[PDB]
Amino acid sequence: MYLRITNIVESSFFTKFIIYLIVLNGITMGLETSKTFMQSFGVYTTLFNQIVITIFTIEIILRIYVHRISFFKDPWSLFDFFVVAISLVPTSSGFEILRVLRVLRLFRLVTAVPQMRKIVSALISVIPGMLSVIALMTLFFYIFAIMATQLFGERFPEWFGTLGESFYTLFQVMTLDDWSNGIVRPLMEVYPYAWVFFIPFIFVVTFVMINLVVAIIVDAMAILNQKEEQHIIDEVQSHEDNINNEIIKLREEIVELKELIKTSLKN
(Lines of atoms letter the chains of each structure in order from A and count residues from 1; the text may use other names and numbers.)
(Lines give C-alpha, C1' and ligand atoms only; values in the text may rest on other atoms or scores of the structure.)
Protein backbone atom coordinates (compact mmCIF):
# COMPACT_ATOMS: atom_id res chain seq x y z
CA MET A 1 0.00 0.00 0.00
CA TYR A 2 2.76 2.33 1.16
CA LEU A 3 4.56 3.07 -2.10
CA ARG A 4 1.28 3.18 -3.93
CA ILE A 5 0.13 5.84 -1.43
CA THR A 6 3.53 7.49 -1.13
CA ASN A 7 3.57 8.08 -4.84
CA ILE A 8 0.15 9.71 -4.91
CA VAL A 9 0.89 11.91 -1.88
CA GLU A 10 4.28 12.95 -3.26
CA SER A 11 2.89 13.79 -6.68
CA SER A 12 2.65 17.17 -8.39
CA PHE A 13 -1.07 16.45 -8.86
CA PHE A 14 -1.82 15.91 -5.15
CA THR A 15 -0.57 19.16 -3.59
CA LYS A 16 -1.91 21.07 -6.59
CA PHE A 17 -5.32 19.55 -5.97
CA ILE A 18 -5.23 20.50 -2.29
CA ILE A 19 -4.19 24.07 -3.05
CA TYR A 20 -7.03 24.36 -5.53
CA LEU A 21 -9.45 23.08 -2.86
CA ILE A 22 -8.06 25.56 -0.32
CA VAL A 23 -8.57 28.48 -2.69
CA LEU A 24 -12.11 27.39 -3.56
CA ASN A 25 -12.95 26.75 0.08
CA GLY A 26 -11.60 30.24 0.79
CA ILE A 27 -13.78 31.89 -1.81
CA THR A 28 -16.58 29.82 -0.42
CA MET A 29 -15.98 31.08 3.11
CA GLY A 30 -16.24 34.68 2.03
CA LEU A 31 -19.60 34.01 0.43
CA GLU A 32 -20.92 32.56 3.71
CA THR A 33 -20.41 36.04 5.11
CA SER A 34 -23.40 37.26 3.19
CA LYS A 35 -26.65 36.06 4.79
CA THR A 36 -28.27 37.09 1.50
CA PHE A 37 -26.10 34.48 -0.27
CA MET A 38 -26.75 31.91 2.47
CA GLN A 39 -30.54 31.91 2.13
CA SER A 40 -30.16 31.47 -1.63
CA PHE A 41 -27.19 29.10 -1.95
CA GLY A 42 -26.21 28.19 1.62
CA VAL A 43 -27.01 24.48 1.22
CA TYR A 44 -24.59 24.15 -1.73
CA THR A 45 -21.74 25.61 0.32
CA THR A 46 -22.61 24.06 3.68
CA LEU A 47 -21.72 20.65 2.27
CA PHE A 48 -19.01 21.89 -0.10
CA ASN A 49 -17.53 22.75 3.23
CA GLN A 50 -18.26 19.35 4.75
CA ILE A 51 -16.65 17.35 1.90
CA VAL A 52 -13.58 19.61 1.64
CA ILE A 53 -12.83 18.87 5.28
CA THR A 54 -13.34 15.22 4.41
CA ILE A 55 -10.73 15.40 1.69
CA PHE A 56 -8.36 17.28 4.01
CA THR A 57 -8.88 14.68 6.72
CA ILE A 58 -7.99 11.91 4.30
CA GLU A 59 -4.99 13.85 2.98
CA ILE A 60 -3.79 14.35 6.54
CA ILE A 61 -4.10 10.60 7.20
CA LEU A 62 -2.18 9.50 4.09
CA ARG A 63 0.58 12.02 4.78
CA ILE A 64 0.98 10.58 8.27
CA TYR A 65 1.44 7.09 6.77
CA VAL A 66 3.84 8.36 4.10
CA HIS A 67 5.93 10.34 6.65
CA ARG A 68 5.27 8.48 9.90
CA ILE A 69 7.00 10.00 12.91
CA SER A 70 8.73 12.70 10.83
CA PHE A 71 5.25 14.27 10.26
CA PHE A 72 4.88 15.36 13.89
CA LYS A 73 8.37 16.92 13.90
CA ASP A 74 7.28 19.14 11.02
CA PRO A 75 6.00 22.57 12.10
CA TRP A 76 4.05 22.93 8.88
CA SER A 77 2.45 19.51 9.08
CA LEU A 78 1.67 19.97 12.71
CA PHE A 79 -0.19 23.12 11.80
CA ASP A 80 -2.18 21.40 9.05
CA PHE A 81 -2.94 18.72 11.56
CA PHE A 82 -4.33 21.06 14.25
CA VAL A 83 -6.04 23.42 11.83
CA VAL A 84 -7.89 20.46 10.33
CA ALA A 85 -8.55 18.76 13.64
CA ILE A 86 -10.30 21.97 14.75
CA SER A 87 -12.75 21.78 11.79
CA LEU A 88 -13.63 18.27 12.95
CA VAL A 89 -15.02 19.52 16.26
CA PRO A 90 -18.82 19.23 15.76
CA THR A 91 -20.42 22.16 13.87
CA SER A 92 -22.90 22.39 16.76
CA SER A 93 -21.18 22.58 20.19
CA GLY A 94 -21.26 24.37 23.59
CA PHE A 95 -17.98 26.11 22.75
CA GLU A 96 -18.99 27.92 19.53
CA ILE A 97 -15.82 29.90 18.92
CA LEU A 98 -14.36 26.77 17.34
CA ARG A 99 -16.73 27.30 14.41
CA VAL A 100 -14.93 30.58 13.68
CA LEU A 101 -11.59 28.95 14.39
CA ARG A 102 -12.44 26.87 11.33
CA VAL A 103 -11.39 29.78 9.08
CA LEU A 104 -7.75 29.20 10.06
CA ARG A 105 -7.70 26.35 7.51
CA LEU A 106 -7.19 29.06 4.86
CA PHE A 107 -3.74 29.38 6.29
CA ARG A 108 -3.00 26.08 4.51
CA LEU A 109 -2.47 28.38 1.55
CA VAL A 110 0.63 29.48 3.44
CA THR A 111 1.57 25.93 4.40
CA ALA A 112 1.39 24.49 0.92
CA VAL A 113 2.97 27.30 -1.02
CA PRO A 114 6.78 27.44 -0.79
CA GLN A 115 7.10 31.15 -1.57
CA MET A 116 4.86 31.76 1.44
CA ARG A 117 6.75 29.28 3.68
CA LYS A 118 9.83 31.19 2.63
CA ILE A 119 8.37 34.52 3.77
CA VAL A 120 6.95 33.25 7.04
CA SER A 121 10.08 31.34 7.85
CA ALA A 122 12.21 34.42 7.23
CA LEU A 123 9.94 36.36 9.59
CA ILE A 124 10.15 33.74 12.35
CA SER A 125 13.94 33.67 11.96
CA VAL A 126 14.32 37.02 13.71
CA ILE A 127 12.32 36.07 16.78
CA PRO A 128 14.56 33.69 18.81
CA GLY A 129 17.17 36.46 19.15
CA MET A 130 14.47 38.84 20.41
CA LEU A 131 13.13 36.66 23.25
CA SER A 132 15.41 38.23 25.89
CA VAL A 133 14.23 41.74 24.90
CA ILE A 134 10.58 40.47 24.73
CA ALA A 135 11.26 39.24 28.28
CA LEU A 136 12.79 42.50 29.49
CA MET A 137 9.83 44.33 28.04
CA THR A 138 7.13 42.06 29.55
CA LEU A 139 8.80 42.44 32.92
CA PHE A 140 8.72 46.19 32.36
CA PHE A 141 4.99 46.07 31.51
CA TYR A 142 4.29 43.91 34.57
CA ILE A 143 6.01 46.12 37.09
CA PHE A 144 4.22 49.16 35.75
CA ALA A 145 0.90 47.32 35.59
CA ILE A 146 1.24 46.54 39.32
CA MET A 147 2.12 50.16 40.11
CA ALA A 148 -0.66 51.57 37.94
CA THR A 149 -3.26 49.28 39.58
CA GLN A 150 -2.30 50.43 43.07
CA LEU A 151 -2.11 54.05 42.06
CA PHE A 152 -5.16 54.46 39.79
CA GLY A 153 -7.46 51.43 40.09
CA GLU A 154 -9.63 52.75 42.90
CA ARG A 155 -10.81 55.89 41.11
CA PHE A 156 -10.38 54.49 37.65
CA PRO A 157 -11.51 50.88 37.70
CA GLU A 158 -12.26 50.70 33.96
CA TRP A 159 -8.57 51.39 32.96
CA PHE A 160 -6.60 50.23 35.97
CA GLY A 161 -9.01 48.31 38.21
CA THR A 162 -7.22 45.07 37.81
CA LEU A 163 -3.69 44.00 36.76
CA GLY A 164 -5.12 42.66 33.54
CA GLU A 165 -6.78 45.97 33.01
CA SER A 166 -3.66 48.03 33.64
CA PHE A 167 -1.90 45.63 31.27
CA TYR A 168 -4.41 46.41 28.56
CA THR A 169 -4.26 50.16 29.15
CA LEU A 170 -0.42 50.22 29.21
CA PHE A 171 -0.41 48.50 25.83
CA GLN A 172 -2.83 51.14 24.56
CA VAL A 173 -0.52 53.84 25.81
CA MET A 174 2.42 52.08 24.16
CA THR A 175 0.68 52.21 20.78
CA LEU A 176 0.30 55.96 21.46
CA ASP A 177 -3.50 55.46 21.00
CA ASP A 178 -5.55 58.32 22.44
CA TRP A 179 -3.18 58.26 25.46
CA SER A 180 -3.33 61.95 26.51
CA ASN A 181 -7.03 63.31 26.00
CA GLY A 182 -8.26 59.74 26.36
CA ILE A 183 -6.35 58.39 29.40
CA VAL A 184 -3.86 60.58 31.29
CA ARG A 185 -5.54 64.03 31.03
CA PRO A 186 -8.54 62.42 32.75
CA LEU A 187 -6.21 60.80 35.32
CA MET A 188 -4.53 64.15 36.03
CA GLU A 189 -7.82 65.75 36.96
CA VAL A 190 -7.70 63.56 40.09
CA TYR A 191 -3.93 62.81 40.07
CA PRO A 192 -1.99 65.82 38.87
CA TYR A 193 1.35 63.92 38.79
CA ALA A 194 0.04 61.03 36.67
CA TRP A 195 2.29 62.37 33.85
CA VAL A 196 5.36 61.45 35.89
CA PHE A 197 4.15 57.85 35.50
CA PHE A 198 3.09 57.71 31.84
CA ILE A 199 5.64 59.96 30.13
CA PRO A 200 8.67 58.04 31.38
CA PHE A 201 6.69 54.92 30.42
CA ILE A 202 6.35 56.29 26.91
CA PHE A 203 10.03 57.15 26.63
CA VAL A 204 11.19 53.70 27.70
CA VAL A 205 8.88 51.58 25.52
CA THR A 206 9.62 53.78 22.53
CA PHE A 207 13.35 53.78 23.16
CA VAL A 208 13.42 50.00 23.44
CA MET A 209 11.40 49.55 20.25
CA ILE A 210 13.49 51.79 18.02
CA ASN A 211 16.82 50.45 19.32
CA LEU A 212 15.71 46.85 18.80
CA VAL A 213 15.07 47.71 15.12
CA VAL A 214 18.33 49.68 15.00
CA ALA A 215 20.24 46.85 16.61
CA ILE A 216 18.89 44.30 14.11
CA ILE A 217 19.87 46.29 11.03
CA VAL A 218 23.33 47.15 12.38
CA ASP A 219 24.20 43.72 13.64
CA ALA A 220 23.04 42.09 10.40
CA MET A 221 25.30 44.40 8.40
CA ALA A 222 28.21 43.74 10.83
CA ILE A 223 28.04 40.07 9.90
CA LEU A 224 27.75 40.93 6.22
CA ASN A 225 30.92 42.96 6.71
CA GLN A 226 32.86 40.17 8.44
CA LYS A 227 31.93 37.65 5.77
CA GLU A 228 33.04 40.08 3.04
CA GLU A 229 36.19 40.99 4.90
CA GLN A 230 37.50 37.40 4.98
CA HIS A 231 36.92 37.01 1.26
CA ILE A 232 38.90 40.16 0.50
CA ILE A 233 41.55 39.10 3.00
CA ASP A 234 41.93 35.52 1.69
CA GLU A 235 42.40 36.93 -1.81
CA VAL A 236 44.92 39.44 -0.60
CA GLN A 237 46.93 36.71 1.20
CA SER A 238 46.97 34.16 -1.63
CA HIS A 239 47.89 36.78 -4.17
CA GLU A 240 50.54 38.55 -2.11
CA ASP A 241 51.79 35.10 -1.12
CA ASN A 242 52.76 34.45 -4.78
CA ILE A 243 54.59 37.76 -5.21
CA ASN A 244 56.42 36.65 -2.06
CA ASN A 245 56.99 33.10 -3.31
CA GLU A 246 58.03 34.23 -6.79
CA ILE A 247 60.71 36.63 -5.55
CA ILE A 248 62.10 33.93 -3.24
CA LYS A 249 62.53 31.73 -6.35
CA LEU A 250 64.59 34.65 -7.69
CA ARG A 251 66.43 35.30 -4.44
CA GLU A 252 67.17 31.57 -4.70
CA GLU A 253 68.01 31.57 -8.42
CA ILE A 254 70.76 34.10 -7.86
CA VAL A 255 72.32 32.25 -4.85
CA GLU A 256 72.57 29.18 -7.09
CA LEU A 257 74.05 31.39 -9.80
CA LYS A 258 76.55 32.58 -7.16
CA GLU A 259 77.69 29.08 -6.17
CA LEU A 260 78.09 27.95 -9.82
CA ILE A 261 80.99 30.42 -9.80
CA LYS A 262 81.98 29.47 -6.21
CA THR A 263 83.03 26.14 -7.66
CA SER A 264 84.98 27.50 -10.65
CA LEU A 265 88.69 27.32 -9.89
CA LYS A 266 88.81 25.44 -6.56
CA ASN A 267 90.25 22.27 -8.02
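One-based numbering along the sequence shown.
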Would you tell me which stretch averages the higher CA B-factor in the PDB entry, 228 to 236 or 211 to 219?
-> 228 to 236
Segment of higher mean CA temperature factor, 98 to 106 or 146 to 154 | 98 to 106
Going by the entry, which of 164, 129, 90, 182 has the most elevated CA B factor?
-> 90
Compared with the other modelled residues in the chain, in which third is the CA B-factor of residue 69?
-> highest
Position of residue 41 among the chain's modelled residues by C-alpha B-factor, lowest, middle or highest third = highest
Report the third (lowest, middle or highest) to which the CA temperature factor of residue 56 belongs, ranking only the modelled residues of the same chain.
-> middle
With respect to C-alpha B-factor, does residue 31 fall in the lowest, middle or highest third of the chain as deposited?
-> middle
Thinking about Cα B factors across the chain, which third does residue 199 belong to?
-> lowest
